[PDB]
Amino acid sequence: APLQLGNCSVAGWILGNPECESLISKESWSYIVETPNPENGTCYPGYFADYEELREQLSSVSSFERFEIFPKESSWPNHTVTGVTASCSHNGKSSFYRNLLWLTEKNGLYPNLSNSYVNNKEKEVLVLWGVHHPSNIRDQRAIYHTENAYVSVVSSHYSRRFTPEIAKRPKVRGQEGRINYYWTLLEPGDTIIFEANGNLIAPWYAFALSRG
């Protein structure tokens, strides 16, 4: 039986868009049906990297499962996690992606972040994350308490450091900020390490699967 996404797309579903809330997944499917491009699936404007390839590897899976890669109540103690935005509202109440956490400063500080995950699920683990780009420099310091920010994502088959670029932009869905979404596949036994001092849209929920 195919994965039925109903009135929303693959981007909003895999990210946990509050309008695709509920929409319980399955363990297996041979194809996906969807209504594409409701504001390109991202309630917060941005760029989805390698989006065509992700859809290709999500076409046919056999052992799909959604788990918590970094629990909210731990993992991020010295940071605040309850960040929401009006662009991602649910029932007229501001919310955020059910699978990501907009980490910002807690008690005025954003300490050096470092969290790792080992793929002990004996399958491939799909990890989604993001990087945020404020529109002015004043808001960058108020949100992350740093003018120069880095986000390090390191695994055995993936390694990249993102530097946020601050620039003025038009209002897309009422927002002048952007969030670029990235992902990578973690083979069984591999370790992925997230290091950051700001602008990280940290992974909250991930996915383990086969045939992908």
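For every residue, the number given is its place in the sequence shown, counted from 1.
Query raised in the report: Out of the other entries of this protein with residues modelled on both sides, is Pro45 skipped in at least a third?
Result: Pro45: modelled in all of the comparison entries.
**Report entry** Coordinates absent for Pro170 in a third or more of other entries
**Finding:** No, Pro170 has coordinates in all the other entries compared.
Query raised in the report: Of the two stretches 189 to 197 and 18 to 26, which shows the higher Cα B-factor on average in the entry?
Result: Per the deposited B-factors, the answer is 18 to 26.
Requested in this report: Read off the CA B-factors in the entry, average them over 110 to 118 and over 95 to 103, and name the higher stretch.
Outcome: Comparing 110 to 118 with 95 to 103, the higher average CA B-factor belongs to 110 to 118.
Query - Among modelled residues of the same chain, the CA temperature factor third for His132 - result: It belongs to the lowest third of the chain when residues are ordered by C-alpha B-factor.
Query raised in the report: Is the Cα B-factor recorded for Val172 in the lowest, middle or highest third of its chain?
Result: It belongs to the highest third of the chain when residues are ordered by C-alpha B-factor.
Query raised in the report: Thinking about Cα B factors across the chain, which third does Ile32 belong to?
Result: Within its chain, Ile32 is a highest-third residue by C-alpha B-factor, going by the deposited values.
**Report entry** Third assignment of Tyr51 from its chain's C-alpha B-factors
**Finding:** Highest third of the chain for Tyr51's C-alpha B-factor.
Query raised in the report: Lowest, middle or highest third of the chain for the C-alpha temperature factor of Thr82?
Result: For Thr82, the deposited C-alpha B-factor lands in the lowest third.
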